[PDB]
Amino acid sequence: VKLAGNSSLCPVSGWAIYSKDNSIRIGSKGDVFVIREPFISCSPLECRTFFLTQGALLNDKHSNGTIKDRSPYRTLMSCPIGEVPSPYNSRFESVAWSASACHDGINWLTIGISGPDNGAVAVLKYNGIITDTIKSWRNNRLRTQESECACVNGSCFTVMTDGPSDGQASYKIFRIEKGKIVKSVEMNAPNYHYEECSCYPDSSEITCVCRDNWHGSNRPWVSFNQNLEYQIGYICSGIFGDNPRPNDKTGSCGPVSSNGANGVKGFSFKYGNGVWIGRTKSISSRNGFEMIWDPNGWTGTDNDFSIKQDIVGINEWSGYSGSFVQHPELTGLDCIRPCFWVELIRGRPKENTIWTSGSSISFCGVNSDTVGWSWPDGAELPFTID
């Protein structure tokens, strides 16, 4: 049966640890894929870990130069949550160097972008069967969420970006039914920059928190209903969400130009005028991670918060993060549960190796007692292959 998506988000006071795979530690001897850009998505029965492979195993010579973002060898694959991405336990999804996946209640939807940087094609699959296609319309690295898409009342929604990563680009919202695109709208967003959106369903509508790689150290957001009537803006909080970023001063409801160039994929959960910000602890590199509750952060511009929860220590490597949700028809709850994952990147450019990969931790939002701690990657680099 289709996921309704009409209920609100569950009240959350803390984040309980859900999964840890230990990919790089196990990959030291085991047959584990060299991956990056992992994300979690749930069906009514199970939650799966999606990831973009480099078509190579850890501690093997083919992992050479895997800092490279896009190649013909990259494939989207999935394994059960908390397990290592192995050739022996992973399910093939698509050929992709950029990806998105979600379950509507009946079947899996996957989106796999492959091809040249000037003509990339998104291949849409519903239950493993190709159902539609989208070509790059700006001929400049067609790219998508790198996290799960959002589904409401039988439709699934995604955001795609085409154009430069250091200037004004083109941003489109898609409405997809049974793997077929039924509607799409280009966003009227001058001076905005949307990339790698973390989108979640809330009260029959979708909220995406994205990455401004152009000139924003705070995060851009986009909200829309099923007809794709959207709103745009930035998170106003003085507690900035991207990386790199400045120190916490007064925030802006437009793009914070200071330390605005570059970025990292992230997420945030809106609760009225308040926001749950997940961010790196460091302001200059991808190190550490923390959940922060700013009761006025979504619309207000000050740098105040009432809750901080440690996830990864200041001196430990982190990386990508993203939102996922668990629906009522999975949990039995009457609200939509917010969860998140964190990618822990190891290797290049920061470490003296020939390779780049990442493992994953995940947390779910509860309304009971929790604790801050550091759950780092734990691998001892360099490897035999280095």
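Residue numbers run from 1 along the displayed sequence.
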**Report entry** Higher-B stretch (mean Cα B-factor, as the entry records it), 125-133 or 304-312
**Finding:** 304-312
**Report entry** Selected stretch [higher average CA B-factor]: 28-36 or 57-65
**Finding:** 57-65
Query raised in the report: Which of these, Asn153, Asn107, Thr110, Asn118, has its C-alpha atom at the highest B-factor, as the entry lists it?
Result: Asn153
**Report entry** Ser98, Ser184, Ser78, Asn243, ranked by C-alpha B-factor: the highest one
**Finding:** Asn243
**Report entry** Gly332, C-alpha B-factor rank within chain (lowest, middle or highest third)
**Finding:** highest
Requested in this report: Grab the CA temperature factor for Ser321 from the record and place it in the lowest, middle or highest third of its chain.
Outcome: lowest
Report task. Name the third of the chain's ranked CA B-factors that contains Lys178, choosing lowest, middle or highest. Result -> lowest
Report task. Please place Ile354 in the lowest, middle or highest third of its chain by C-alpha B factor as given in the entry. Result -> highest
Query raised in the report: How does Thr370 rank on Cα B-factor within its chain, lowest, middle or highest third?
Result: middle
